[PDB]
Amino acid sequence: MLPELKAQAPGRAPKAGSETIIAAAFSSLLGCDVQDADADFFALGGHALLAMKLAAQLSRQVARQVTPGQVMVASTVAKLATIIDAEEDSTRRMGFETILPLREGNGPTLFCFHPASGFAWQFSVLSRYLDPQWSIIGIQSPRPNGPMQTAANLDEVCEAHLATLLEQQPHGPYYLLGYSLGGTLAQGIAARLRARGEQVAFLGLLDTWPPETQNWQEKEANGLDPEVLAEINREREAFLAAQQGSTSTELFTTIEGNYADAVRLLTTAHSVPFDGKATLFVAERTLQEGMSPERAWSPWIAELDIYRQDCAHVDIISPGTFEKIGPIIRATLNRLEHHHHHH
């Protein structure tokens with residue numbers, strides 16, 4: 001019979017059945033209007049459930065075994081059909097690895113760290129709302145039973161991120177992001193950079209920190225409210241699970257334990273501010289109702305842009321806040337990038 005090229009298109013105009021089953025699985029899962037071969041699960045809404053329904057769907061539609069490093073990491077739709085129909089003949093560090101390349105080969109690279117969540121594949125909403133498909137790579141991975149992830153997680157996660165940064169370049173203007181715990185994390189990692197011999201362009205970190213003093217993390221014992229934890233866990237258990245039914249208690253145990261240890265270790269973590277250029281969003285939704293500054297202008301960083309918006313880190317990772325900060329992310333990153341405002 002001899003081997004067949006199997007067509008293999010760059011995206012549009014797939015095979016007569018190979019990619020047909022793939023493009024259909026996506027448009028039938030989350031796509032709702034997908035029919036390409038160069039699609040991206042991340043930008044399509046990949047997840048432990050979505051990627052599970054698709055991966056298993058293909059393995060059952062091709063009579064093969066596809067799932068491990070053969071879904072949203074192997075390459076793409078086209079390749080997916082070439083591995084389930086033809087053969088793997090490839091090696092792509094699945095999400096189980098230390099890092100997950102969501103986009104590499106465009107131009108402006110954006111290092112997204114401090115996900116404060118199980119996975120970091122639900123950020124494509126912003127990366128797609130701000131840019132068409134620039135370079136983006138978030139350092140995240142699953143945790144079956146990380147023994148050091150309890151309190152030594154900050155150290156491990158730190159090495160991973162930095163490792164990727166220093167791996168792509170020694171120093172230069174880099175745009176980092178932070179959420180929930182990004183505040184503390186970014187702080188430490190930041191000081192390490194400025195001292196490592198590099199210069200940070202701008203690291204945006206939103207969560208909660210009004211003009212007054214530190215957060216309630218100063219003492220988890222007398223800070224961990226039954227609401228904040230109940231919210232973050234309610235959104236994580238309602239998002240990761242989605243009442244789908246893919247993981248008995250494995251993933252659930254990892255997510256609950258991930259945020260639990262992270263929200264319980266954030267008190268022991270370090271907190272060192274940088275005198276550079278960063279953004280800090282306040283959480284009016286959880287205002288202490290006791291703020292009373294006096295000509296501070298945020299003495300923390302030499303220069304920053306503190307915003308005021310009634311929102312909680314527990315419900316700030318929603319698709320609503322991401323779309324809200326779409327166009328305002330360009331004018332802000334363009335005005336802080338270099339020189340003063342333009343428009």
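Using ideal geometry, Cβ is built from the backbone for each residue, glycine included, and neighbour counts are taken over all protein chains shown. Each answer follows from the model by the rule given with it, or from the source it names; none is laboratory data.
Structure notes:
- Cβ-Cβ contacts under 7 Å between residues 6 or more apart (or on different chains), taken from a first residue in the range 305-320 that is touching a residue at least 40 places away in the same chain (Cβ under 8 Å) to a second residue that is in a helix (DSSP H, G or I) and hydrophobic (A, V, I, L, M, F, W, C), are listed as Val314/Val228; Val314/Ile232; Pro319/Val125.
- Just one of the numbered conditions (1) surrounded by 17 or more Cβ atoms within 10 Å (Cβ to Cβ); (2) within 30 Å of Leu49 (Cβ to Cβ); (3) out of contact with any strand residue (DSSP E or B) (no Cβ under 8 Å at 6 or more places or on another chain) is not true of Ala269: (2).
- Inspection of the range 248-269 identifies no residue that is polar (S, T, N, Q) and within 19 Å of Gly204 (Cβ to Cβ).
- Criterion: surrounded by fewer than 16 Cβ atoms within 10 Å (Cβ to Cβ), small (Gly, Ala, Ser) and free of Cβ contacts under 8 Å to residues at least 24 places away in the same chain - qualifying residue of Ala163, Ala195: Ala195
- Evaluation of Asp131 against (1) assigned by CATH to the domain that holds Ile317; (2) closer than 23 Å to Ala160 by Cα; (3) surrounded by fewer than 22 Cβ atoms within 10 Å (Cβ to Cβ) (one fails), failing number: (2)
- One residue stands out among those in the range 72-85 that are of a type outside the set (D, E, K, R) and surrounded by fewer than 23 Cβ atoms within 10 Å (Cβ to Cβ): the one that is nearest to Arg12 (Cα to Cα), which is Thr76.
- Qualifying residues in the range 86-115 (those that are under 24 Å from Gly31 (Cβ atoms) and among the small types (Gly, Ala, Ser)) - the one surrounded by the most Cβ atoms within 10 Å (Cβ to Cβ): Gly95
- Scanning the range 52-63 for residues that are assigned to a helix (DSSP H, G or I), more than 23 Å from the chain's Cα centre (by Cα) and either surrounded by fewer than 21 Cβ atoms within 10 Å (Cβ to Cβ) or in the same structural domain as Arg236 (by CATH) (or both) returns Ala56, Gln57, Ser59, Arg60, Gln61.
- For the range 202-212, the condition of being buried (at least 17 other Cβ atoms within 10 Å of the Cβ), assigned by CATH to the domain that holds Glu284, assigned to a loop (DSSP other than H, G, I, E, B) and touching a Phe, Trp or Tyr at 6+ places or on another chain (Cβ under 7 Å) holds for at least one residue.
- Residue, surrounded by the most Cβ atoms within 10 Å (Cβ to Cβ), within the range 30-41, restricted to residues that are without any contact (Cβ under 8 Å) to a residue 40 or more places away in the chain and under 21 Å from the mean Cα position of the chain (by Cα): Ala39
- Residue within the range 42-51 that is more than 25 Å from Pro14 (Cα to Cα), touching a residue at least 60 places away in the same chain (Cβ under 8 Å), crowded, with 19+ Cβ neighbours inside 10 Å and assigned by CATH to the domain that holds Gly245 present: no
- Those residues of the range 238-264 which are more than 17 Å from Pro144 (Cβ to Cβ) and surrounded by 15 or more Cβ atoms within 10 Å (Cβ to Cβ), in sequence order: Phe239, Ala241, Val263, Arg264
- Scan of the range 26-45 for residues that are in a loop (DSSP other than H, G, I, E, B) and within 13 Å of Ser124 (Cα to Cα), ordered by number: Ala39, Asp40, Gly45
- Within the option set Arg192, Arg196, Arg236, being in the same structural domain as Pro108 (by CATH), within 17 Å of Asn258 (Cα to Cα) and of a type in the set (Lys, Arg) holds for one residue only, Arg236.
- Test: residue in the range 13-27 that is within 27 Å of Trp134 (Cβ to Cβ), surrounded by fewer than 17 Cβ atoms within 10 Å (Cβ to Cβ), in the same structural domain as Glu88 (by CATH) and among the polar types (S, T, N, Q): yes
- Test: residue in the range 141-156 that is part of a helix (DSSP H, G or I) and free of Cβ contacts under 8 Å to residues at least 12 places away in the same chain: yes
- Residue in the range 306-322 that is over 19 Å from the mean Cα position of the chain (by Cα) and among the polar types (S, T, N, Q) present: yes
- Pairs, first within 16 Å of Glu87 (Cβ to Cβ) in the range 1-20, second among the β-branched types (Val, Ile, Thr), C-beta under 7 Å, six or more apart: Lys6/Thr82; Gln8/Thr82; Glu19/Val77
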